[PDB]
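The chain contents come next:
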Protein chains: 2
Amino acid sequence: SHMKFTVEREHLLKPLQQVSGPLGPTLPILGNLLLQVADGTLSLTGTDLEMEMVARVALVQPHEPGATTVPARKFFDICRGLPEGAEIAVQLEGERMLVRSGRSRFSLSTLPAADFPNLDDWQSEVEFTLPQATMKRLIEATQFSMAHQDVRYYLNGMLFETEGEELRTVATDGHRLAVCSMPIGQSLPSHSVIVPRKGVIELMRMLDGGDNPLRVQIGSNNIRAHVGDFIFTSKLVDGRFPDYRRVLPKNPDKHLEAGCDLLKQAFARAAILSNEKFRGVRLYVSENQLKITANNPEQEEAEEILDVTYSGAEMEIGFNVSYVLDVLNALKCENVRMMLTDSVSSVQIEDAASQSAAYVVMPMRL
Amino acid sequence: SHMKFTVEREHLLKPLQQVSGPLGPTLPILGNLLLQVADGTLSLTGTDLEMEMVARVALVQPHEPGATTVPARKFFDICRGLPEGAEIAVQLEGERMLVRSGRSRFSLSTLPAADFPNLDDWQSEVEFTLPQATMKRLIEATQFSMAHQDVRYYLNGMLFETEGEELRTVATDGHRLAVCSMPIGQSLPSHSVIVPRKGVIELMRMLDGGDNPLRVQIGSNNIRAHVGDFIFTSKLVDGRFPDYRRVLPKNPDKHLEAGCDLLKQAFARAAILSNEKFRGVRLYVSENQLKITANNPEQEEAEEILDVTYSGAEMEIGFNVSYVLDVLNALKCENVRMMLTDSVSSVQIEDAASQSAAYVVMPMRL
């Protein structure tokens, strides 16, 4: 085969950037993109073995079928570097891939397409289509709560759950937990899968913020997302993910309400004088009042006092201020509700006007 | 003394950010800002021993004189963290400095003002006032050409030269050189001083892009810049800086002209396939034409051909493409002129419509 194609720079740029996502090499070919020309289509694939991103570009100009792999970064940089409106002529020449446009000529090293990894075939168990904005809301509400390199490898990912008419995401690191559910206007079977850390990153990356809908297919060990001309596939993670229903506090009778921004700014200032490693803050809750205290090894001290909506019993509780700030930053709302039990129990935090997302933060011993 | 002052957050923020510039510690007090209250003025000083930045804030509210030093980053973060319009009440309490606003209270560790370094007094030999935009143009045209940790320590700085009615900057690393001169509408004595790397950075940092003029004072071993309520002082560097007059090519008879952007984009694409360490490109100049070639150890190759304005003798010359790209990026102009001699001689590069800046790049052996 003698692979050859000519494509407008503007039809090649966004696909190249998208398929280079899973990249960042061990096996040399993993640093390359797979290019395949067949029946009016150029396919571009990037992989890291755990996941793959494939883009399809319609070939309107004459072309000859074939396949090769080229260095991803170099090929994208060449194409991006060319002027707006450039026509990009690509051709395999022996073991080199030539890229030509105007009087610019580039000859790239290649690796055989036969060597390019290909995820095994599988059958879909559940399928649904939803707006990209729904998927973005779900991931952004919970992504920060995923563990970082925990031994319990399932915590390094994100749980994706279908139930009734809702899609839900759950993330936890064993100290704090985030859960968000959204209706997607279709009845679904109940299914729960764990998407790996990089998989969640790529899912987010392919959401261009437009009106092209997101079609999801879930298998027993794989997930696939289709947006426009892109198809992302990832392996799923093994493990018994914790059950958010059991993590939510049973009777968090003490309800505090406050402006989200005023609460966030008061914790952000207190954080300045918290211990740099442990990040501990002390909260003292009383009638319509919250007091936040932070101190560090140098005995420096921050104290903040806020007017809040609170009428229950007085109590003191310690938290890692970064976990609290992460929740407040993810809520991006007007008012927040904190639902407390006691000094040694978790707090549930929510947007006071929406039960779509719930956050559970375990306290620290004072 | 019992230092105490109350200032509006908006009058304290920009000075705090400005005086923290020289910071980034060995001696603990170097991580602190010196605060001094005396006769309606709060002075804030930051230093790294080689340079100091001092800001003066008028104290319109009652105050008590005194001095202390506080952690720079913590104090700025507290002040920045407070709400817009906040009134900031500061007071020394024993060995702590208290910062109060609304119901926010911070108690910071201190180090004695007596321990704070103070650059020795000196007398000015030359003084001139110029627009901030003139100083910005002079530094930006040459800063990239300064050496990085060269043994010849004077190359790690920037030469500032007064001559006639002009202020000039020169920077070189022994491989490439930049020189820029601007008229400043006042007759000056001829003086040449070397400002250290960090000094050039701080000079640039204090140019707020406004109409407050820059007053410069040069001594035998120090330089000082005054902009609004800020005063920057730096030690000068020892050494015999190279003489740009002798570095400029004597008879660069072969003149090439081209669009700056087209030339830059063609070198930027060729650079993709250049050796990652050596960055060598080969130029072949012929009648109204330039050809740029780059290759790497993997035998990949880029070739660019451009229509240029050229009528002299044919020649081939090698350059480090990063040195060429640095010049083109600093010129930000419509057309560029390259003045060549031979394959083993330097090239002089200039904006085709302005002789204000000149760049000299030594070639590489092909």
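Residues numbered from 1 in each chain as written, not as in the entry; some residues may be left out. Chains lettered and ligands numbered in written order. Heavy atoms only, no water. Residues with missing side-chain atoms left out of burial classes, pairs and counts.

By the method listed in its record, X-ray crystallography, this PDB entry was determined to a resolution of 1.6500 Å.

## Examining the overall build of chain A
Rules: For helices the rule is a DSSP run of H or I covering at least 4 residues; for strands it is a run of E covering at least 2, with both sets numbered from the N terminus onward.
Within chain A one finds seven helices and 22 strands. Taking the principal axes of the C-alpha coordinates as reference, chain A spans close to 80 × 50 × 35 Å.

## Topic: the nonpolar core
Filter applied, for reference: Here, nonpolar core refers to any group of buried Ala, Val, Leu, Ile, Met, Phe, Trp, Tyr and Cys residues whose side-chain atoms link them within 4.5 Å. Under the scheme applied here, a residue whose accessible area is under 20% of the maximum for its type counts as buried, over 50% as exposed, and between as partly exposed, the area being computed with a 1.4 Å probe on protein chains only. Two residues form a contact once any of their heavy atoms are found within 4.5 Å.
Counting 209 residues, the largest nonpolar core has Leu 35, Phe 75 and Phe 267 of chain A together with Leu 35, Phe 75 and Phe 267 of chain B as the members making the most contacts within it. Among residues more than four places away in sequence, those in contact with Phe 267 of chain B are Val 281, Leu 283, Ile 292, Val 321, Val 324, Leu 325 and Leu 328 of chain B.

## A closer look at the relation of the copies chain A and chain B
Let me state the cut-off plainly: For this overlay, the copies are fitted by least squares on their C-alpha atoms.
Take chain A, turn it by 180 degrees, move it 0.0 Å along the axis, and it overlays chain B with an RMSD of 0.0 Å. On the angle and the small slide along the axis, the relation comes out as a two-fold axis. Residues of chain A ranked by C-alpha distance from the rotation axis are headed by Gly 24 of chain A, positioned 15 Å from it. With an isologous cut-off of 70% or more, the 100% of interface residues of chain A that recur at the interface of chain B puts this contact in the isologous class.

## Points about the packing of aromatic side chains
Residue and element names in this part refer to chain A. Selection rule: Any two of the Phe, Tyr and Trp rings considered here, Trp counted by its six-membered ring, make a pair once their centres fall within 6.5 Å; the pair's planes then place it as stacked at under 30 degrees, edge-to-face at over 60, or tilted in between.
Inspection of every chain in the model, using the stated rule, returns four aromatic pairs over all chains. Considering the side-chain rings of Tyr 153 and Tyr 154, the 6.3 Å spacing of their centres and the 65 degrees angle between planes classify their relative orientation as edge-to-face. Look at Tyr 154 and you get partly exposed, because its relative accessible area is 21%.

## Quick notes on the sheet that holds strand β4 (residues 51-58) of chain A
Residue and element names in this part refer to chain A. For the record, the criterion: Here, a strand pair is defined by DSSP locating no fewer than two bridges between the strands. Axis definition: a line fitted to C-alpha atoms, over the contacting stretch in the case of helices. Angles run 0 to 180 degrees between N-to-C directions.
Sheet architecture is open: eight strands sit in the order β5-β2-β3-β4-β14-β13-β12-β9, paired in antiparallel fashion. The open sheet has two free edges, formed respectively by β5 (66-71) and β9 (126-130), since each of these has just one partner strand. Within this sheet the neighbouring strands show an average axis-to-axis angle of 15 degrees, counted without direction. Here five bridges tie β9 to strand β12 (residues 214-218), and the two strands are oriented antiparallel to one another. Across the sheet, residue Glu 127 finds its bridge partner in β12, namely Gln 217. Against the sheet, helix α3 (residues 132-142) engages β9, β12 and β13 (222-227), with an angle of about 105 degrees to β9.

## Some remarks on the interface of chain A and chain B
Short version of the rule: By convention, the term buried area covers the 1.4 Å-probe accessible surface removed from two parts as they join, with the contributions of both added. What makes a salt bridge here is a side-chain nitrogen of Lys or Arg within 4 Å of a carboxyl oxygen of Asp or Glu, nothing more. Within 3.5 Å is the distance limit for a polar contact, defined as a pair of N or O atoms, with the added protein rule that one can donate a hydrogen and the other accept it, and that residues adjacent in sequence qualify only through two side-chain atoms. Each residue is assigned to one of three groups, with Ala, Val, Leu, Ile, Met, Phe, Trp, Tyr, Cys and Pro labelled nonpolar, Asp, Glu, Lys and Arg labelled charged, and all others, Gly among them, labelled polar.
Facing the 28 residues of chain A at the interface are 28 residues of chain B. Buried area between chain A and chain B, summed over both chains or domains, comes out near 2,500 Å², and the portion from carbon and sulfur atoms is 45%. Where chain A meets chain B, there are four salt bridges. Residue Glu 301 of chain A pairs with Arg 105 of chain B through a salt bridge whose shortest N-O separation is 4.0 Å. The interface formed by chain A and chain B includes 16 residue pairs in polar contact. Among the elements of the structure, α2 (72-81), β8 (104-109), α6 (260-272) and β18 (301-307) of chain A are those that each provide at least two residues to the side of chain A that touches chain B. Tallying contributions element by element places β8 of chain A first for the side of chain A that touches chain B, with six residues. Residue composition of the side of chain A that touches chain B, grouped by class: ten nonpolar, seven polar and eleven charged.

## Regarding empty space enclosed by the protein
All names here are of chain B. We apply this condition: As defined here, a cavity is a set of points on a 1 Å grid over the protein atoms alone where a 1.4 Å probe fits but cannot get out. A pocket is an open set with protein on both sides within 12 Å along at least five of seven lines, and residues line them when an atom is within 4 Å of a point. Grid points are joined across faces, edges and corners, and a volume is the space filled by probe spheres set on the points.
Looking at the largest cavity, its volume works out to about 30 Å³. Lining the largest cavity, in full, are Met 135, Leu 203, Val 216, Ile 223, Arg 224, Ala 225 and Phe 232. It is strand β13 (residues 222-227) that provides the largest number of residues to the lining of the largest cavity, a total of three residues. A class-by-class count of the residues in the lining of the largest cavity yields six nonpolar, no polar and one charged.

## Observations regarding the sheet that holds strand β2 (residues 32-38) of chain B
All names here are of chain B. Spatial strand order, β5-β2-β3-β4-β14-β13-β12-β9: eight strands in an open sheet with antiparallel pairing. The open sheet is flanked by β5 (66-71) and β9 (126-130), the only strands paired with a single partner. For this sheet, the mean inter-axis angle between neighbouring strands, taken without regard to orientation, is 15 degrees. Those strands touched by helix α3 (residues 132-142) are β9, β12 (214-218) and β13, and its axis lies near 105 degrees from that of β9. Each of β4 (51-58), β13 and β14 (230-235) is contacted by helix α4 (residues 197-205), which is oriented at about 25 degrees to β4, the strand it contacts most.

## A word on the side chain of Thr 68 of chain A
Structurally, the position occupied by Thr 68 of chain A is in strand β5. Those residues in contact with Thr 68 of chain A that sit more than four places away from it in its chain are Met 3, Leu 33, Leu 34, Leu 35, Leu 92, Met 97, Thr 110, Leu 111 and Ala 113 of chain A.

## Structural notes on the environment of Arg 224 of chain B
Residues and elements named next belong to chain B. Relative to the helices and strands, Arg 224 is located in strand β13. Residues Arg 224 and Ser 234, ten residues apart in the sequence, show an inter-C-alpha distance of 6.5 Å. If we skip the residues at most four places from it in the chain, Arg 224 touches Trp 122, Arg 215, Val 216, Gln 217, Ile 231, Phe 232 and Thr 233. Within the local environment of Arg 224, its side chain forms a polar contact with the side chain of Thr 233, the two groups lying 2.9 Å apart.

## Describing the packing of helix α6 (residues 260-272) of chain B against helix α7 (residues 321-331) of chain B
Residue and element names in this part refer to chain B. Let me state the cut-off plainly: Every angle not falling under 35 degrees, over 145, or within 65 to 115 is termed oblique; those three ranges are roughly parallel, roughly antiparallel and roughly perpendicular. In this scheme, a crossing is called left-handed if the near helix is turned counterclockwise away from the far one by less than a right angle; it is called right-handed if the turn is clockwise.
At a minimum axis distance of 10 Å, the contact between α6 and α7 shows a crossing angle of 155 degrees. Taken together, α6 and α7 sit at an angle that is classed as roughly antiparallel. Handedness of the α6/α7 crossing: left-handed. Mapping the contact onto sequence places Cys 260, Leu 263, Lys 264, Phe 267, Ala 268 and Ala 271 in α6 and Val 321, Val 324, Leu 325, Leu 328 and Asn 329 in α7.

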